[PDB]
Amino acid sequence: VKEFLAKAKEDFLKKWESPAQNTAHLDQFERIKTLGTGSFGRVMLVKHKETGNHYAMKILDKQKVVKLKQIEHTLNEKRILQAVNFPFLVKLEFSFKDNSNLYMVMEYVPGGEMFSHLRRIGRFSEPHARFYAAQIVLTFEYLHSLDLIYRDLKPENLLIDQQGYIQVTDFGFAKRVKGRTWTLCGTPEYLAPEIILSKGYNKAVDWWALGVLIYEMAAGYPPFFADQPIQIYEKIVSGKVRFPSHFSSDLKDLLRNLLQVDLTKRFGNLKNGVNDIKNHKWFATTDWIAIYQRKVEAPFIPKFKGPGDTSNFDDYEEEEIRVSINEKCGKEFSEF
């Protein structure tokens, strides 16, 4: 493992220092359907004309990125995404830009969002939730070893592949940082107290977020919720967590250690690092190497009724992709 990560870091650093750029163009893709939207863009299912492969194409409007002050985050996203490689990270296949937009063309994950499956089914069983959580634990072990903080874990950003394994997407808040950082970003339900309190923070925020995710998966609702974000923040800072009566004692113990306001005590962040999590009793039945190797039988296999099928995704209003005849924000996105 120490050996594996060392080699992983070597690979990452070469790509980090010499990013891939301009590796395709828009007309090589046929636009099929909108798979999702966000504040400054959308993700579309596309077909690559020369191979017939399907991809998910994230299209970000440069002007909207600038208005929302997300230029540096967007540059982070692409630079980091093109440099990483892990079984549970969605792969970036191509990227390019035109007068209007930035494009990131990623592997297509046909099983849909965990969010969709979780809301419909209500909640996952503990073994089911454990299976997904293990994969997140390994992914965060990988990312953090590269000095990356992920900062946007939630079921909306986790996709389920044809084999029932998870694929993490959305590196919009990912950041390579050795010290501590201060940006107030993420999703309200998932924010660690130190982010809310403007303390400056580190990778431990990802481990808190993992606690929120596990809780949400197993309960069917997050540990801290309300109608308005301000009310959510108040609950988080109080930190009083209540668990459903059906949560096992082991699960509760793990969650009390992840949803731990005290940074000297939060799991993931101590002397033993990720091992405090990997060796916790709730994970006793988990074969970490088999998980990594994808040799474990998934608890749930998405229904796939053909290639390019999209029945696992919600329908979104389809809008025209317009490319201005003038270059927008060229200087801001020069490195993209």
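Position 1 is the first residue in the sequence shown; the rest follow in order.
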Would you say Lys305 is missing from a third or more of the other compared entries? yes
Identify the stretch, either 21-29 or 5-13, whose C-alpha atoms have the larger mean B-factor according to the entry. 5-13
Stretch with higher mean Cα temperature factor, 90-98 vs 261-269, is 261-269
Quick one: which of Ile149, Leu118, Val237, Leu158 shows the highest Cα temperature factor in the PDB entry? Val237
Per the deposited B-factor column, the C-alpha that peaks among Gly200, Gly112, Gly220, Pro188 belongs to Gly200
Assigned third (lowest, middle, highest) for the C-alpha B factor of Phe40: middle
Sorting the chain's CA B-factors, does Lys67 end up in the lowest, middle or highest third? middle
Would you please rank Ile195 by its C-alpha temperature factor against the other modelled residues of its chain and give the third it falls in: lowest, middle or highest? middle
Entry-reported Cα temperature factor of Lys47, expressed as the chain third it lands in: lowest
When the modelled residues of the chain are sorted by Cα temperature factor, does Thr139 land in the lowest, middle or highest third? middle
